[PDB]
> 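A single structure is presented below for examination.
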Amino acid sequence: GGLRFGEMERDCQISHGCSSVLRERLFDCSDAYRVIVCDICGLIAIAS
Amino acid sequence: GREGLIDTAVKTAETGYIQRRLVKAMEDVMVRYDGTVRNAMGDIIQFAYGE
Amino acid sequence: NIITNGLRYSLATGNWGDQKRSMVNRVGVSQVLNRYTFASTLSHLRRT
Amino acid sequence: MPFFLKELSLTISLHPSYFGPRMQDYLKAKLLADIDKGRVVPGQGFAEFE
Amino acid sequence: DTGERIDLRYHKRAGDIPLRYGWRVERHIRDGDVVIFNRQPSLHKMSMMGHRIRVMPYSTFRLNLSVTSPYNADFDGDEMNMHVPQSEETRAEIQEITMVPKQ
Amino acid sequence: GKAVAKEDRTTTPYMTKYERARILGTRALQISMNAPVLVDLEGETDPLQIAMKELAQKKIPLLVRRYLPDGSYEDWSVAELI
Amino acid sequence: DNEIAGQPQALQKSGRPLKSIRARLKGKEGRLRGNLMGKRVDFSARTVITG
DNA sequence: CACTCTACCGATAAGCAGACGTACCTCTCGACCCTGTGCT
RNA sequence: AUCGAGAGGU
DNA sequence: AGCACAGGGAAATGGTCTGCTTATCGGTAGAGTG
């Protein structure tokens, strides 16, 4: 299993000012996912 | 010594909660390119960081 | 099966009482004996 | 035969390999096959042109 | 280029694969690579700092003595975490903002 | 959002440390994806070092769109930034 | 919401309260504190430190 | 046209309940019931 | 796998 | 006629903080009386 990147670590990276570090740790390295949203109603669409 | 140990074991949690509360209150306050300190709503907190 | 299963369950899980009142029952009355060192076992047998 | 002259917009993503003097010729051909300042997409490196 | 992932362990002829521009190689982290290093609880900014790798024997994380204070760390059993940045942007941020000397 | 004129710009004329980190990271990422290098290479293999040496010569072809709190913005060249 | 005050909880067949949507979203282990503001991350090592 | 008995919307607090709680990590150990009803 | 309980580490 | 075993089953009683809901209660305001 992976290691927890918690609230305090997120705060530390915020005070550092490293926006891309947070984006990588919390999106690209944990649970990256993609959805299609409807521009009219703003809800996830049926995408093939 | 027992009192010292108890104080440690309680103070750790007390301060952890305090710090989480503090960070949540001021996480959005940032220095802007016009020199002012503002929060995420654009409200001016200071007109110059640290005055 | 009543007495047998009840005593077995209470001593096994430590959940102290009926199986159906798990939340209201006391917990941790029974603990796996600590066989790491003779002294640790002696200590575990005398714990309050 | 009603023909309409209209102004339209498109968002072109361009690979960094094309980031040279001939960038604008490539975009026009891609627009024809399928210019604003190029916004470099964070985390990807492409450039978005409107 | 198509996103397919060649596993060099289970590819019978891994070593004989010419590389083509645009591909990626997940290469072992080597000496001099930049990583984030931290201890919990992370009470302030200085608890996550950038370090340059030195791959070396034995199973412990070894670090300079004077860096213990910002981590509030000592060697009586403390365990620390290491995060490897996975992009050029993240590497630039760690190296240019977060590094230990800058701190 | 309205672009501010080059003469009316009021933001600092220096590159901020955050701007420097972002610029180096973005240029290094573009170089790693085969972006043409605007500086002579002496055998460097790390895209980040290539971007650093491009920066030293102010050869990074990037802008910084600094946003003011009201939404107006100023475009600063990496070359003209101090 | 299974933590309604003044109502009987919707128990489990194993004598446990059901996990309601509010319970899934609530708490440190909920979605917004255990899965969104914090996460388990890839490409991370951990071990003992020596000098 | 001096009075004093009830109508008022106010404010007063009153007791009420309901709502909150350091971080990260390692491991072990235990996990429904009751009764209809066909089978043989 | 999930859930609960307990023992521990800094 | 007594138990498998899937169908049919929920029951004897054993910290300070805010916002709502109630009693309390003046300060006038009608006038009801004079």
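Per chain, numbering begins at 1; letters A, B, ... match sequence-line order. Below, each value reflects all heavy atoms present in this structure, side chains not excepted, and no hydrogens, waters or symmetry copies.
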> If pairs are Watson-Crick or G-U with both distances under 3.5 Å, what is the dot-bracket string of RNA chain I, marking crossing pairs with [ ] and pairs to another strand with |?
..|||..|||
> Which of these nucleotides, H:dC33, H:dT22, H:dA31, is closest to any side-chain atom of C:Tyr9?
H:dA31
> Can you tell me which nucleotide in I:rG6, H:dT22, H:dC25 comes closest to the side chain of G:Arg40?
H:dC25
> Report yes if a side-chain nitrogen or oxygen of G:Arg33 is closer than 4.0 Å to either non-bridging phosphate oxygen (OP1 or OP2) of H:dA23; otherwise report no.
yes
> Check the distance between I:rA1's P and G:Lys19's NZ and give it to me in whole angstrom.
20 Å
> With respect to the side chain of C:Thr13, which nucleotide from H:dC24, H:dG30, H:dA23 is positioned closest?
H:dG30
> Check whether any side-chain N or O of G:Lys28 sits under 4.0 Å from OP1 or OP2 of H:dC24, and answer yes or no.
yes
> Please check H:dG10 against J:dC25: Watson-Crick or G-U wobble, both distances under 3.5 Å.
no
> Looking at H:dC24, I:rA7, H:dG18, which one has an atom nearest to any side-chain atom of C:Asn34?
I:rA7
> With both atom distances required to be under 3.5 Å, do H:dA7 and J:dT28 make a Watson-Crick or G-U wobble pair?
yes
> Between I:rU10 atom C1' and E:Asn81 atom CG, what is the distance in whole Å?
11 Å
> Distances under 3.5 Å between protein N/O atoms and the N/O atoms of nucleotides 8-18 of chain J, please, pair by pair.
from  : atom 1 : to      : atom 2 : distance (Å)
J:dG9 : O6     : G:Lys13 : NZ     : 3.0

> Who passes ring pair (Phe, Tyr, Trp, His ring centres under 6.0 Å) against C:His44, sequence neighbours left out?
none
> Does I:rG9 have its OP1 or OP2 closer than 4.0 Å to a side-chain nitrogen or oxygen of G:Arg46?
no
> For the pair made of CE in G:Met37 and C1' in H:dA23, what is the distance, rounded to whole Å?
18 Å
> Sugar of H:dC8: specify north or south by the sign of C1'-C2'-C3'-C4'.
north
> So, does C:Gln19 get its side chain near the phosphate of H:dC33, meaning an N or O under 4.0 Å from OP1 or OP2?
yes
> Between E:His83 and G:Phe43, is the ring centroid distance below 6.0 Å?
no
> Could you check whether atom CZ of C:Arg35 has more than 12 heavy atoms from other residues, nucleotides or ligands sitting under 6.0 Å from it?
no
> Write down the distance between NZ (B:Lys11) and P (H:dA23), rounded to a whole number of angstrom.
18 Å
